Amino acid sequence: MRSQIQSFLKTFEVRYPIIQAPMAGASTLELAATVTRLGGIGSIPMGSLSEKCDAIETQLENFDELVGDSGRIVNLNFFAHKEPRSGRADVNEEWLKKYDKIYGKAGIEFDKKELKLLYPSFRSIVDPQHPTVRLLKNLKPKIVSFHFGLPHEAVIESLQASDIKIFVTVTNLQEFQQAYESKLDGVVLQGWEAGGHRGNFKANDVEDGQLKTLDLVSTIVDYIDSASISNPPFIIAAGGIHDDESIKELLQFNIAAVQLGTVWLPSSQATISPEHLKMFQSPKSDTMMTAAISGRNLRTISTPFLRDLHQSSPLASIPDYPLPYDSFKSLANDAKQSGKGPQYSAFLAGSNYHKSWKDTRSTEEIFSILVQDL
């Protein structure tokens, strides 16, 4: 296929084919505004905000104040997973007992009586008249992206009628075809290497092919060429992309742009713990993919506690996402407070985090290093 770079730059009014990945709990408004100012596209993780439309608007307005204008060259990102299933009282209760014991072994008092739901899914917005949909249509960000699946097509179509470009993470060719059939404007091809949660549509799918970002891009682009598909969405690659070499290799597939998460995590505009940062500076451990933290497969740097949590948790025993994240977050908090701290924390990062420290904490320097040849 022909290179999509120029079309992407013109459509989004940007200089460089670079998207800073939305990262719940790690990216900030400041990081996003800075990357948009530098000439890429900043992103705001709003996955928890589907029924909090005031927060959507406030955050966007604070971003506009940081950028200096209301151009809204931004990606607003939401979660569209399946909601946790009813009928799971047995599994859920056993998971609480599990955590009771974890607290006991940590020597932390345990109070928790139920796994609470941290946030709903955008998939539960079935009505195009819902206030969140009306709001996004009014706000007109350049992009609204979805992770974990798609909301109903009536909702997609309504957002598109306001000029917003809609993106979805895909992890395999069948997911790409789903996105094509639903007339998405963009797909983010997420490799197995990617840090944070994997955006496969079936949670923890046992048959996931685990394609590396290069392999996924090659598969998708070959399908487009071979089958003669004439109007493909923008193709964005994400997962393990850490330097100008990595970028160029993927751009040679004639895709639109790259989306990078982990490389920003050392910036002083990101919010990671001193222990997480130390891991970038002196990498000792590999990463691993686990569903035992949140209920859905995510990639983190490996630690003794996270390996324990992972191996102790047969898939059939893990409550649906995001129910285990409530137990995990409450532990990490309770640990932090009662003065144990980060042995119990997560360290989200992709499998090239060990090549991602560039001896700077400056977003601008990191950005310059990435875009040198563009």
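Just count from 1 along the sequence shown to find any residue number.
Tell me which stretch has the larger mean Cα B-factor in this entry, 308-316 or 339-347. Higher of the two, by average CA B-factor, is 339-347.
What stretch has the higher average Cα B-factor here, 68-76 or 114-122? Between 68-76 and 114-122, it is 114-122.
Sorting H197, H152, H81, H276 by Cα temperature factor from the record, which one lands on top? Spelled out: the listed residue with the top C-alpha B-factor is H152.
Which listed residue, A292, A238, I164, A89, has the largest C-alpha temperature factor in the record? The listed residue with the largest C-alpha B-factor is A89.
State the tercile, meaning the lowest, middle or highest third, of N138 with respect to the CA B-factors recorded for its chain. As the PDB entry reports it, the C-alpha B-factor of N138 lands in the middle third of its chain.
With respect to C-alpha B-factor, does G186 fall in the lowest, middle or highest third of the chain as deposited? Answer is lowest: the recorded C-alpha B-factor places it there.
Among modelled residues of the same chain, the CA temperature factor third for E30: According to the entry, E30 has a C-alpha B-factor in the chain's lowest third.
Taking only the Cα B-factors deposited for this chain, tell me whether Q20 sits in the lowest, middle or highest third. Ranked within chain, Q20 CA B lands in the lowest tercile.
Split into thirds by Cα B-factor across the chain's modelled residues, where does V221 land: lowest, middle or highest? Its C-alpha B-factor belongs to the middle third of this chain's values.
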